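*Asks:* I am attaching a structure below and will ask some questions about it afterwards.
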Amino acid sequence: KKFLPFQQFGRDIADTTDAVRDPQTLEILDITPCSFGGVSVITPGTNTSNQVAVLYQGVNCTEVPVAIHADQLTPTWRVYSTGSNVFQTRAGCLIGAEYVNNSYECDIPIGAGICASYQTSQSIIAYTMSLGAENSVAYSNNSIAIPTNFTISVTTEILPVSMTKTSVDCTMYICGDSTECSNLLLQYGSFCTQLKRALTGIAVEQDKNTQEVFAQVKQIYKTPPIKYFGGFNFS
Amino acid sequence: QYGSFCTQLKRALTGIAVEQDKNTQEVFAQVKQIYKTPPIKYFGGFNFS
Amino acid sequence: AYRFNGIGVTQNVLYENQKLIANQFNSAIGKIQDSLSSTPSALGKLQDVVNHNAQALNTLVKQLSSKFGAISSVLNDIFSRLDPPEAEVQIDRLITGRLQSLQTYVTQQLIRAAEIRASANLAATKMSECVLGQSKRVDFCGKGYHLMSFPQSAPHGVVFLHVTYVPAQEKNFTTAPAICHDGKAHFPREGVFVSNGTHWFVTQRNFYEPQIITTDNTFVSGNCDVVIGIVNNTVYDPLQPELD
Amino acid sequence: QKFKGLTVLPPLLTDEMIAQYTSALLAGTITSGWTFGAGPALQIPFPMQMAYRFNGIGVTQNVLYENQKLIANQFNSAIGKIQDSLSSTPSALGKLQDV
Amino acid sequence: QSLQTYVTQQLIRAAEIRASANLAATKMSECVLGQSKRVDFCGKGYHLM
Ligand SMILES: *[C@@H]1O[C@H](CO)[C@@H](O[C@@H]2O[C@H](CO)[C@@H](O)[C@H](O)[C@H]2NC(C)=O)[C@H](O)[C@H]1NC(C)=O
Ligand SMILES: *[C@@H]1O[C@H](CO)[C@@H](O[C@@H]2O[C@H](CO)[C@@H](O)[C@H](O)[C@H]2NC(C)=O)[C@H](O)[C@H]1NC(C)=O
Ligand SMILES: *[C@@H]1O[C@H](CO)[C@@H](O[C@@H]2O[C@H](CO)[C@@H](O)[C@H](O)[C@H]2NC(C)=O)[C@H](O)[C@H]1NC(C)=O
Ligand SMILES: *[C@@H]1O[C@H](CO)[C@@H](O[C@@H]2O[C@H](CO)[C@@H](O)[C@H](O)[C@H]2NC(C)=O)[C@H](O)[C@H]1NC(C)=O
Ligand SMILES: *[C@@H]1O[C@H](CO)[C@@H](O[C@@H]2O[C@H](CO)[C@@H](O)[C@H](O)[C@H]2NC(C)=O)[C@H](O)[C@H]1NC(C)=O
Ligand SMILES: *[C@@H]1O[C@H](CO)[C@@H](O)[C@H](O)[C@H]1NC(C)=O
Ligand SMILES: *[C@@H]1O[C@H](CO)[C@@H](O)[C@H](O)[C@H]1NC(C)=O
Ligand SMILES: *[C@@H]1O[C@H](CO)[C@@H](O)[C@H](O)[C@H]1NC(C)=O
Ligand SMILES: *[C@@H]1O[C@H](CO)[C@@H](O)[C@H](O)[C@H]1NC(C)=O
Ligand SMILES: *[C@@H]1O[C@H](CO)[C@@H](O)[C@H](O)[C@H]1NC(C)=O
């Protein structure tokens, strides 16, 4: 970077210190702060196994093995746990899982088309996920397919309707038993009436939700005492 | 002392990030079988090229 | 039979197969109760509502032990051991920290209430259109051609059982768009011409039931020079045996 | 933005996988019609299903079969105008740009 | 407060994107996988495909 000889500092878009000259060699050197990943943990559930796989979210793991450091979490796990089972993804790199060329359904989503699972001397495998069974429809200029049989299917669909109605008292939540706190809360105005109005509007709205879903009839209809509907069992 | 204020922010952003992948999977993955077009493309004069 | 005419199948198909359709429906309902019993991860949508409301309330009650930079989280410890004119900045910073804690409870309650309102409006639409009628919209009331639906109440929600029609066992046939009989092109009135290989039939589109091609069964439009894939056959015209 | 604690996570489905999904949906709706979304895929020739879609809007199917070449030419010219119009006027994709 | 006011607008915009994605899933089920009778749902005119 040409650095305009009186200038000493360099900034990026977000005004953070980017390129510094050498003060006596007079050469331009970048600043890239070495930092910053996230550890993500792949587990199959602790009832089934206790072995894990570890994703580092944004790195080359030619440069994994150095450090975790906060209080006493430490390099001493890491110095030979780099080893083998190192696989580089586009979502970071993954340690403790072995890549295969098979393509399965997604079980635990790593990201960027990679999923992981636990099977087969059991182990964690990582694979490229498959979209479905391959199929080719026999298209022709004069050929049609007509069904000769059928199937009655019953499926279920779950939908939420309402949630829990909650209301608040401000003075008991914030102050409680002391009167001087209520006198200081009095100087802060009417935030509490606004919060009570908001929660009251939510609690009215939940009963309105249940009444629009379920009360679509005006009369209560009864089934007959006999239950014969041509062979259909509704019990 | 503000230990329990960043956990809800991390939970909220994690819920948004799961929800985006759910959105893409509800729109696009509606079929279970990957159908293929035939090798010869003649559909009565309609040209889908 | 009315709901089979709603999906394009003629109503004889029910009455000639009534015992089989009743057996398939009863076995389907029994598999609903067995499959929904013996899985753990169903009804997660109703469980997440209870978990989110409880977790937000436990967050709000666990934020009463946060000091917000004050020397204590107990109000009487502020009012003991410290004179009342310069205890004001600590207690006022406590009031603010509890008050924006209550404000950020209420704002996510409003956002979650809007999400539940969108879900409840969808459930009211599904009860009007799937339960109280028969729907033509594709995959709105289940996979397949929709016959009916049944509601069941659940804690904080609703469960719909969608009864649908699925075609099962298909066959290949040769087909043609029209039939040129006497220099006139015949088009099917409400079906499709299929060939077995030697003789041509007309059938309905969703169930295999072949019929003899008659003049009552087809309609005539134009002459047999303009349609591309037209073939030659005979059209029966049921008046010639009833002439004498 | 990376160096201040903020991460962009990649999506689970890549663009090739989404393109394979739309290719499967296109090949299903050309070779089979509406039948692949309600059960097994049953094949039908394309002018016969276009006759079915004219019966869906209240026009008899001989209007298709006696005008098949004209309808095919109108459809092909309409697709070509879609590509030429979408190549120009650079505010048609403002909804995806705003995100 | 800067982080919290970032996360709140992310939640509001995620609700807007979810309403749009539910509409796109409905249009893919009803206009692509079938033929629609609803007026101006899948274009202007009588819908073919
Ligand atoms: C349509 O499918 C049903 C599937 O249940 C067939 O019914 C079965 O038929 C076999 C012998 O044909 C019996 O052994 C089974 O007990 C039947 N199952 C039931 C539930 O009844 C039926 O035969 C098929 N129809 C045709 C014409 O093939
Ligand atoms: C409707 O179907 C149910 C299927 O469960 C029938 O209930 C069974 O009936 C037999 C004798 O009728 C009992 O031995 C079983 O224990 C019952 N099962 C259950 C789960 O209760 C019921 O009888 C049928 N109804 C009619 C009118 O036939
Ligand atoms: C289908 O339509 C496309 C329209 O682009 C045709 O592609 C053009 O073909 C001509 C000669 O056949 C070329 O000069 C053009 O350059 C082509 N255009 C492009 C964009 O490639 C294509 O030929 C048609 N297919 C058939 C079978 O007729
Ligand atoms: C295709 O289906 C037709 C159905 O009509 C078959 O025609 C029948 O064949 C049997 C003996 O093969 C005759 O007894 C019937 O009188 C025929 N019916 C008619 C209306 O002609 C035909 O055989 C089938 N083709 C093949 C190759 O199996
Ligand atoms: C269907 O039948 C018609 C009967 O008219 C056939 O048309 C005749 O075809 C022969 C030679 O194929 C010509 O010499 C005649 O002049 C045609 N007659 C007319 C009125 O055009 C027709 O070929 C038959 N189609 C098939 C596929 O065999
Ligand atoms: C500076 O300007 C010169 C001449 O225009 C040219 O080399 C280049 O565009 C700029 N950057 C550097 C690093 O030289
Ligand atoms: C990661 O490592 C590969 C292998 O040397 C290299 O090509 C690539 O540029 C590296 N990327 C980063 C961001 O360090
Ligand atoms: C399996 O995957 C590895 C690495 O991706 C590759 O080197 C190997 O050739 C693959 N095996 C086969 C049979 O393709
Ligand atoms: C079907 O396609 C083939 C190949 O394009 C063609 O030769 C044949 O004539 C077509 N059949 C009809 C009935 O048009
Ligand atoms: C129809 O025929 C094609 C080839 O002739 C075959 O691949 C296909 O499986 C057949 N369909 C059925 C339902 O038998």
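Following the order of the structure tokens, first chain is A, next is B, and so on, with residues numbered from 1 inside each chain and ligands from 1 in the order they appear.
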At a cut-off of 6 Å, can you tabulate as JSON lines every residue of chain D near chain B together with its closest atom pair and the distance in Å to one decimal, using only C-alpha atoms and ordering rows by chain then number?
*Replies:*
```
{"residue": "D:24", "atom": "CA", "partner": "B:35", "partner_atom": "CA", "distance": 4.9}
{"residue": "D:27", "atom": "CA", "partner": "B:37", "partner_atom": "CA", "distance": 5.1}
{"residue": "D:28", "atom": "CA", "partner": "B:35", "partner_atom": "CA", "distance": 5.9}
{"residue": "D:46", "atom": "CA", "partner": "B:43", "partner_atom": "CA", "distance": 5.9}
{"residue": "D:72", "atom": "CA", "partner": "B:46", "partner_atom": "CA", "distance": 5.2}
```
*Asks:* Output N, CA and C atoms for every residue in that selection, as a PDB file, in the first residue's frame.
*Replies:*
```
ATOM      1  N   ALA D  24     -35.446 -30.819 -10.590  1.00  0.00           N
ATOM      2  CA  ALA D  24     -36.353 -31.935 -10.344  1.00  0.00           C
ATOM      3  C   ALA D  24     -37.806 -31.507 -10.429  1.00  0.00           C
ATOM      4  N   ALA D  27     -38.544 -30.993 -14.245  1.00  0.00           N
ATOM      5  CA  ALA D  27     -38.672 -32.236 -14.997  1.00  0.00           C
ATOM      6  C   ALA D  27     -39.920 -33.008 -14.598  1.00  0.00           C
ATOM      7  N   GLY D  28     -40.335 -32.877 -13.336  1.00  0.00           N
ATOM      8  CA  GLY D  28     -41.597 -33.452 -12.920  1.00  0.00           C
ATOM      9  C   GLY D  28     -42.799 -32.764 -13.528  1.00  0.00           C
ATOM     10  N   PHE D  46     -47.009 -33.730 -23.598  1.00  0.00           N
ATOM     11  CA  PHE D  46     -47.201 -32.320 -23.255  1.00  0.00           C
ATOM     12  C   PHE D  46     -48.391 -31.624 -23.927  1.00  0.00           C
ATOM     13  N   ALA D  72     -47.582 -22.694 -29.472  1.00  0.00           N
ATOM     14  CA  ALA D  72     -46.170 -22.978 -29.227  1.00  0.00           C
ATOM     15  C   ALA D  72     -45.271 -21.812 -29.619  1.00  0.00           C
TER      16      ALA D  72
END
```
*Asks:* Near residue 56 of chain A, counting only C-alpha atoms, which residues have an atom at most 9 Å away, once you skip same-chain residues fewer than 6 positions from it, shown as a ChimeraX atom specification?
*Replies:* /A:37-40,64,91-95
*Asks:* Pick from D:78, D:8, D:26, D:48: nearest to ligand 3, with only C-alpha atoms and all ligand atoms counted?
*Replies:*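 Among the listed residues, D:78 lies closest to ligand 3.
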*Asks:* Pick out the residues sitting within 8 Å of residue 13 of chain D, and hand them over as a ChimeraX atom specification; count only C-alpha atoms, and ignore anything fewer than 3 positions along from it in its own chain.
*Replies:* /A:111-113 /B:21 /D:17-18
*Asks:* I need the residues in segment 36-226 of chain A that are helix (DSSP H, G or I) according to DSSP; give them as number ranges by chain.
*Replies:* A: 75-77, 170-174, 179-186, 191-214
*Asks:* May I have the residues within 12 Å of residue 151 of chain A as number ranges by chain, using only C-alpha atoms and disregarding those fewer than 2 positions away in the same chain?
*Replies:* A: 147-149, 153-154; C: 17, 20-25, 27-28, 143-145, 147, 163-169, 207; D: 38-40
*Asks:* Residues of chain C near chain D: apply a cut-off of 12 Å, count only C-alpha atoms, and supply the list as a ChimeraX atom specification.
*Replies:* /C:7,137-146,164-178,185-194,205-206,219-230
*Asks:* If you keep N, CA and C atoms, can you produce a file of those selected residues as a short mmCIF file (atom, residue, chain, number, x, y, z; two decimals), in the first residue's frame?
*Replies:*
```
data_model
loop_
_atom_site.label_atom_id
_atom_site.label_comp_id
_atom_site.auth_asym_id
_atom_site.auth_seq_id
_atom_site.Cartn_x
_atom_site.Cartn_y
_atom_site.Cartn_z
N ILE C 7 -63.24 -34.91 -6.58
CA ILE C 7 -61.85 -35.08 -7.00
C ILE C 7 -61.75 -35.71 -8.38
N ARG C 137 -57.33 -26.74 -3.16
CA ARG C 137 -55.98 -26.23 -3.12
C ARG C 137 -55.00 -27.35 -2.85
N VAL C 138 -53.92 -27.38 -3.60
CA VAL C 138 -52.97 -28.48 -3.57
C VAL C 138 -52.11 -28.35 -2.33
N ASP C 139 -52.04 -29.44 -1.55
CA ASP C 139 -51.25 -29.62 -0.32
C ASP C 139 -51.63 -28.66 0.79
N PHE C 140 -52.85 -28.14 0.77
CA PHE C 140 -53.32 -27.32 1.87
C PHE C 140 -53.90 -28.18 2.97
N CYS C 141 -54.62 -29.23 2.59
CA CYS C 141 -55.20 -30.14 3.56
C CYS C 141 -54.65 -31.54 3.36
N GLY C 142 -53.34 -31.67 3.24
CA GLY C 142 -52.68 -32.96 3.19
C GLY C 142 -52.17 -33.29 1.80
N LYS C 143 -51.40 -34.37 1.74
CA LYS C 143 -50.81 -34.85 0.50
C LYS C 143 -51.76 -35.84 -0.17
N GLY C 144 -52.09 -35.58 -1.41
CA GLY C 144 -53.07 -36.34 -2.14
C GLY C 144 -54.24 -35.46 -2.52
N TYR C 145 -55.27 -36.08 -3.06
CA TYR C 145 -56.50 -35.38 -3.35
C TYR C 145 -57.36 -35.42 -2.11
N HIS C 146 -57.78 -34.26 -1.63
CA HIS C 146 -58.43 -34.14 -0.33
C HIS C 146 -59.85 -34.67 -0.34
N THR C 164 -57.23 -38.28 2.70
CA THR C 164 -56.92 -37.98 1.31
C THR C 164 -56.88 -39.25 0.48
N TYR C 165 -56.91 -39.06 -0.83
CA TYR C 165 -56.92 -40.11 -1.83
C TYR C 165 -55.56 -40.15 -2.51
N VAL C 166 -54.96 -41.33 -2.63
CA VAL C 166 -53.69 -41.51 -3.30
C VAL C 166 -53.85 -42.57 -4.38
N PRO C 167 -53.49 -42.30 -5.64
CA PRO C 167 -53.50 -43.36 -6.66
C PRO C 167 -52.37 -44.36 -6.44
N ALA C 168 -52.61 -45.62 -6.77
CA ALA C 168 -51.70 -46.67 -6.31
C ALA C 168 -50.98 -47.43 -7.42
N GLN C 169 -51.68 -48.11 -8.31
CA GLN C 169 -51.05 -49.12 -9.16
C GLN C 169 -51.29 -48.76 -10.61
N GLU C 170 -50.26 -48.31 -11.29
CA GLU C 170 -50.43 -47.70 -12.59
C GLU C 170 -50.00 -48.63 -13.71
N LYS C 171 -50.54 -48.37 -14.90
CA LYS C 171 -50.28 -49.16 -16.08
C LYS C 171 -49.93 -48.24 -17.23
N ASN C 172 -49.12 -48.75 -18.15
CA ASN C 172 -48.79 -48.07 -19.40
C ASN C 172 -49.85 -48.34 -20.44
N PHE C 173 -50.21 -47.31 -21.20
CA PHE C 173 -51.07 -47.45 -22.36
C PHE C 173 -50.60 -46.53 -23.47
N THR C 174 -51.01 -46.85 -24.68
CA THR C 174 -50.81 -45.99 -25.84
C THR C 174 -52.01 -45.07 -25.94
N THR C 175 -51.77 -43.81 -26.28
CA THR C 175 -52.84 -42.83 -26.30
C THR C 175 -52.79 -42.00 -27.58
N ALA C 176 -53.89 -41.31 -27.86
CA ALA C 176 -54.05 -40.46 -29.02
C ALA C 176 -54.94 -39.29 -28.66
N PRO C 177 -54.71 -38.10 -29.23
CA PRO C 177 -55.55 -36.96 -28.88
C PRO C 177 -56.93 -36.97 -29.49
N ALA C 178 -57.13 -37.63 -30.62
CA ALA C 178 -58.43 -37.62 -31.27
C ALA C 178 -58.59 -38.89 -32.09
N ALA C 185 -63.23 -35.57 -36.67
CA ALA C 185 -62.41 -35.82 -35.50
C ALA C 185 -63.29 -35.87 -34.27
N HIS C 186 -63.11 -36.91 -33.46
CA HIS C 186 -63.82 -37.06 -32.20
C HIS C 186 -62.86 -36.84 -31.05
N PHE C 187 -63.26 -36.03 -30.12
CA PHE C 187 -62.53 -35.71 -28.92
C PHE C 187 -63.28 -36.28 -27.72
N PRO C 188 -62.60 -36.71 -26.66
CA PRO C 188 -63.31 -37.28 -25.51
C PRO C 188 -64.03 -36.20 -24.74
N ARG C 189 -65.20 -36.54 -24.23
CA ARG C 189 -66.02 -35.54 -23.57
C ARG C 189 -65.49 -35.26 -22.17
N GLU C 190 -65.18 -36.30 -21.42
CA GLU C 190 -64.69 -36.12 -20.06
C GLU C 190 -63.64 -37.16 -19.69
N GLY C 191 -62.96 -37.72 -20.67
CA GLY C 191 -61.98 -38.75 -20.39
C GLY C 191 -60.76 -38.62 -21.25
N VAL C 192 -60.13 -39.76 -21.53
CA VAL C 192 -58.93 -39.82 -22.33
C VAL C 192 -58.95 -41.13 -23.12
N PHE C 193 -58.57 -41.08 -24.39
CA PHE C 193 -58.48 -42.28 -25.20
C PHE C 193 -57.23 -43.05 -24.83
N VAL C 194 -57.39 -44.33 -24.52
CA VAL C 194 -56.27 -45.21 -24.27
C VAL C 194 -56.39 -46.39 -25.21
N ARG C 205 -59.80 -40.15 -16.00
CA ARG C 205 -58.37 -39.88 -15.91
C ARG C 205 -57.73 -40.37 -14.63
N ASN C 206 -58.49 -40.67 -13.59
CA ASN C 206 -57.90 -40.97 -12.29
C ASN C 206 -58.14 -42.40 -11.83
N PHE C 219 -67.32 -35.93 -28.56
CA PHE C 219 -67.90 -34.84 -29.32
C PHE C 219 -67.07 -34.59 -30.57
N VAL C 220 -67.72 -34.05 -31.58
CA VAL C 220 -67.12 -33.86 -32.90
C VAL C 220 -66.74 -32.40 -33.05
N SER C 221 -65.50 -32.14 -33.47
CA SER C 221 -65.10 -30.78 -33.80
C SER C 221 -64.16 -30.80 -34.99
N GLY C 222 -64.65 -30.37 -36.14
CA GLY C 222 -63.79 -30.23 -37.29
C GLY C 222 -63.59 -31.53 -38.03
N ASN C 223 -62.60 -31.54 -38.90
CA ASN C 223 -62.30 -32.69 -39.73
C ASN C 223 -60.87 -33.15 -39.48
N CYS C 224 -60.57 -34.38 -39.90
CA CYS C 224 -59.34 -35.03 -39.48
C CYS C 224 -58.15 -34.72 -40.39
N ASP C 225 -57.78 -33.43 -40.45
CA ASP C 225 -56.68 -32.98 -41.29
C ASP C 225 -55.75 -32.03 -40.52
N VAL C 226 -56.19 -31.52 -39.37
CA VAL C 226 -55.49 -30.46 -38.66
C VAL C 226 -54.85 -30.96 -37.37
N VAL C 227 -55.39 -32.02 -36.77
CA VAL C 227 -54.83 -32.54 -35.52
C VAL C 227 -53.62 -33.42 -35.84
N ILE C 228 -52.57 -33.29 -35.04
CA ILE C 228 -51.26 -33.86 -35.35
C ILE C 228 -51.22 -35.37 -35.11
N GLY C 229 -51.61 -35.84 -33.94
CA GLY C 229 -51.45 -37.25 -33.64
C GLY C 229 -52.70 -38.10 -33.75
N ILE C 230 -53.59 -37.75 -34.69
CA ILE C 230 -54.89 -38.40 -34.79
C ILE C 230 -54.76 -39.81 -35.40
#
```
*Asks:* For chain C, report every residue with an atom at most 9 Å from chain B (counting only C-alpha atoms), formatted as a PyMOL selection string.
*Replies:* chain C and resi 59+62-63+66-69
*Asks:* What residues of the protein or nucleic acid chains come within 9 Å of ligand 7 when you use only C-alpha atoms and all ligand atoms? Reply as a PyMOL selection string.
*Replies:* chain A and resi 58-63
*Asks:* Quick one: which residues from chain B are at most 7 Å off chain E, using only C-alpha atoms, as number ranges by chain?
*Replies:* B: 9, 16, 23, 26-27
*Asks:* Selected residues, N, CA, C and O atoms, written as a PDB file, in the first residue's frame, please.
*Replies:*
```pdb
ATOM      1  N   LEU B   9     -29.310 -13.283  23.840  1.00  0.00           N
ATOM      2  CA  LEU B   9     -28.955 -12.777  22.518  1.00  0.00           C
ATOM      3  C   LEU B   9     -28.413 -13.886  21.636  1.00  0.00           C
ATOM      4  O   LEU B   9     -28.763 -13.976  20.450  1.00  0.00           O
ATOM      5  N   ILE B  16     -32.966 -17.625  14.897  1.00  0.00           N
ATOM      6  CA  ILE B  16     -33.069 -17.028  13.562  1.00  0.00           C
ATOM      7  C   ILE B  16     -32.284 -17.837  12.529  1.00  0.00           C
ATOM      8  O   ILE B  16     -32.784 -18.112  11.427  1.00  0.00           O
ATOM      9  N   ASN B  23     -36.750 -22.248   6.353  1.00  0.00           N
ATOM     10  CA  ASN B  23     -37.471 -21.528   5.291  1.00  0.00           C
ATOM     11  C   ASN B  23     -37.117 -22.028   3.899  1.00  0.00           C
ATOM     12  O   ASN B  23     -38.008 -22.273   3.069  1.00  0.00           O
ATOM     13  N   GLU B  26     -38.549 -25.602   3.469  1.00  0.00           N
ATOM     14  CA  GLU B  26     -39.986 -25.678   3.186  1.00  0.00           C
ATOM     15  C   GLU B  26     -40.322 -25.205   1.786  1.00  0.00           C
ATOM     16  O   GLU B  26     -41.314 -25.662   1.213  1.00  0.00           O
ATOM     17  N   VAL B  27     -39.574 -24.245   1.240  1.00  0.00           N
ATOM     18  CA  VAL B  27     -39.894 -23.796  -0.113  1.00  0.00           C
ATOM     19  C   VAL B  27     -39.456 -24.829  -1.144  1.00  0.00           C
ATOM     20  O   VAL B  27     -40.253 -25.264  -1.979  1.00  0.00           O
TER      21      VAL B  27
END
```
*Asks:* May I have the residues within 9 Å of segment 98-105 of chain A as a list in words, using only C-alpha atoms and disregarding those fewer than 4 positions away in the same chain?
*Replies:*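 Everything that qualifies: residues 85, 86, 87, 94, 115, 123, 124, 125, 126, 127, 128, 129, 130, 131 and 132 of chain A.
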*Asks:* Mind dumping the selected residues with N, CA, C and O atoms as a PDB file, in the first residue's frame?
*Replies:*
```
ATOM      1  N   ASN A  85      -7.901 -37.802  11.579  1.00  0.00           N
ATOM      2  CA  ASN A  85      -9.308 -37.402  11.449  1.00  0.00           C
ATOM      3  C   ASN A  85      -9.452 -35.882  11.451  1.00  0.00           C
ATOM      4  O   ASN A  85     -10.127 -35.291  12.288  1.00  0.00           O
ATOM      5  N   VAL A  86      -8.779 -35.261  10.497  1.00  0.00           N
ATOM      6  CA  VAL A  86      -8.897 -33.836  10.250  1.00  0.00           C
ATOM      7  C   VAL A  86      -9.454 -33.666   8.847  1.00  0.00           C
ATOM      8  O   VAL A  86      -8.853 -34.133   7.873  1.00  0.00           O
ATOM      9  N   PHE A  87     -10.611 -33.028   8.734  1.00  0.00           N
ATOM     10  CA  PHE A  87     -11.269 -32.860   7.450  1.00  0.00           C
ATOM     11  C   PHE A  87     -11.632 -31.398   7.275  1.00  0.00           C
ATOM     12  O   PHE A  87     -12.288 -30.817   8.137  1.00  0.00           O
ATOM     13  N   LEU A  94     -13.239 -29.905  10.678  1.00  0.00           N
ATOM     14  CA  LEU A  94     -13.930 -30.844  11.532  1.00  0.00           C
ATOM     15  C   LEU A  94     -12.943 -31.899  11.997  1.00  0.00           C
ATOM     16  O   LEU A  94     -12.202 -32.467  11.187  1.00  0.00           O
ATOM     17  N   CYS A 115     -23.303 -33.104   6.189  1.00  0.00           N
ATOM     18  CA  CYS A 115     -23.947 -33.568   7.407  1.00  0.00           C
ATOM     19  C   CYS A 115     -23.075 -34.621   8.068  1.00  0.00           C
ATOM     20  O   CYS A 115     -22.072 -35.066   7.512  1.00  0.00           O
ATOM     21  N   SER A 123     -18.444 -45.132  15.212  1.00  0.00           N
ATOM     22  CA  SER A 123     -17.663 -43.931  14.951  1.00  0.00           C
ATOM     23  C   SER A 123     -18.571 -42.834  14.421  1.00  0.00           C
ATOM     24  O   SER A 123     -19.720 -43.071  14.050  1.00  0.00           O
ATOM     25  N   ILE A 124     -18.025 -41.623  14.384  1.00  0.00           N
ATOM     26  CA  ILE A 124     -18.678 -40.465  13.793  1.00  0.00           C
ATOM     27  C   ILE A 124     -18.233 -40.378  12.344  1.00  0.00           C
ATOM     28  O   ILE A 124     -17.031 -40.321  12.065  1.00  0.00           O
ATOM     29  N   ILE A 125     -19.182 -40.350  11.425  1.00  0.00           N
ATOM     30  CA  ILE A 125     -18.882 -40.167  10.015  1.00  0.00           C
ATOM     31  C   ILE A 125     -19.435 -38.828   9.567  1.00  0.00           C
ATOM     32  O   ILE A 125     -20.379 -38.290  10.154  1.00  0.00           O
ATOM     33  N   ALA A 126     -18.823 -38.278   8.529  1.00  0.00           N
ATOM     34  CA  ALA A 126     -19.286 -37.057   7.896  1.00  0.00           C
ATOM     35  C   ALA A 126     -19.412 -37.313   6.409  1.00  0.00           C
ATOM     36  O   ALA A 126     -18.556 -37.974   5.821  1.00  0.00           O
ATOM     37  N   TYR A 127     -20.466 -36.791   5.800  1.00  0.00           N
ATOM     38  CA  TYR A 127     -20.767 -37.110   4.418  1.00  0.00           C
ATOM     39  C   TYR A 127     -21.401 -35.908   3.745  1.00  0.00           C
ATOM     40  O   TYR A 127     -21.824 -34.947   4.393  1.00  0.00           O
ATOM     41  N   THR A 128     -21.457 -35.977   2.423  1.00  0.00           N
ATOM     42  CA  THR A 128     -22.205 -35.026   1.625  1.00  0.00           C
ATOM     43  C   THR A 128     -23.624 -35.546   1.506  1.00  0.00           C
ATOM     44  O   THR A 128     -23.825 -36.696   1.109  1.00  0.00           O
ATOM     45  N   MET A 129     -24.592 -34.718   1.881  1.00  0.00           N
ATOM     46  CA  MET A 129     -25.968 -35.165   2.018  1.00  0.00           C
ATOM     47  C   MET A 129     -26.617 -35.411   0.662  1.00  0.00           C
ATOM     48  O   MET A 129     -26.230 -34.837  -0.356  1.00  0.00           O
ATOM     49  N   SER A 130     -27.568 -36.330   0.651  1.00  0.00           N
ATOM     50  CA  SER A 130     -28.229 -36.744  -0.568  1.00  0.00           C
ATOM     51  C   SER A 130     -29.620 -36.154  -0.608  1.00  0.00           C
ATOM     52  O   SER A 130     -30.257 -35.959   0.428  1.00  0.00           O
ATOM     53  N   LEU A 131     -30.092 -35.894  -1.816  1.00  0.00           N
ATOM     54  CA  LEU A 131     -31.303 -35.114  -1.962  1.00  0.00           C
ATOM     55  C   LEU A 131     -32.517 -36.016  -2.074  1.00  0.00           C
ATOM     56  O   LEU A 131     -33.620 -35.620  -1.695  1.00  0.00           O
ATOM     57  N   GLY A 132     -32.321 -37.224  -2.562  1.00  0.00           N
ATOM     58  CA  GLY A 132     -33.397 -38.183  -2.674  1.00  0.00           C
ATOM     59  C   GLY A 132     -33.024 -39.256  -3.670  1.00  0.00           C
ATOM     60  O   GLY A 132     -31.918 -39.283  -4.204  1.00  0.00           O
TER      61      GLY A 132
END
```
*Asks:* Write out as a list in words the residues lying within 7 Å of segment 19-21 of chain A, counting only C-alpha atoms and excluding same-chain residues fewer than 6 positions away.
*Replies:* residues 8, 9, 10, 11, 27, 28, 29, 30 and 31 of chain A
*Asks:* Could those selected residues go to a file with N, CA, C and O atoms, as a short mmCIF file (atom, residue, chain, number, x, y, z; two decimals), in the first residue's frame?
*Replies:*
```cif
data_model
loop_
_atom_site.label_atom_id
_atom_site.label_comp_id
_atom_site.auth_asym_id
_atom_site.auth_seq_id
_atom_site.Cartn_x
_atom_site.Cartn_y
_atom_site.Cartn_z
N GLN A 8 1.03 7.67 9.18
CA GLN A 8 1.62 6.65 10.03
C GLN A 8 0.64 5.51 10.30
O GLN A 8 1.05 4.43 10.71
N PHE A 9 -0.65 5.74 10.10
CA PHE A 9 -1.68 4.77 10.46
C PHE A 9 -2.47 4.40 9.21
O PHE A 9 -2.50 5.15 8.24
N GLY A 10 -3.15 3.27 9.27
CA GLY A 10 -4.04 2.90 8.19
C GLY A 10 -5.34 2.35 8.74
O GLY A 10 -5.32 1.65 9.75
N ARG A 11 -6.47 2.67 8.11
CA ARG A 11 -7.76 2.19 8.59
C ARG A 11 -8.51 1.49 7.47
O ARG A 11 -8.27 1.73 6.28
N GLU A 27 8.65 0.26 5.66
CA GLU A 27 7.96 -0.72 4.85
C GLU A 27 6.56 -0.93 5.40
O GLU A 27 6.34 -0.88 6.61
N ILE A 28 5.62 -1.20 4.49
CA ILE A 28 4.21 -1.23 4.85
C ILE A 28 3.73 -2.64 5.18
O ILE A 28 3.91 -3.59 4.41
N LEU A 29 3.20 -2.78 6.39
CA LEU A 29 2.89 -4.07 6.95
C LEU A 29 1.43 -4.09 7.37
O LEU A 29 0.96 -3.15 8.02
N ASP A 30 0.72 -5.15 7.01
CA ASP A 30 -0.68 -5.28 7.40
C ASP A 30 -0.82 -5.65 8.87
O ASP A 30 0.11 -6.15 9.51
N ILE A 31 -1.99 -5.37 9.40
CA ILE A 31 -2.42 -5.91 10.68
C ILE A 31 -3.59 -6.83 10.41
O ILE A 31 -4.65 -6.40 9.95
#
```
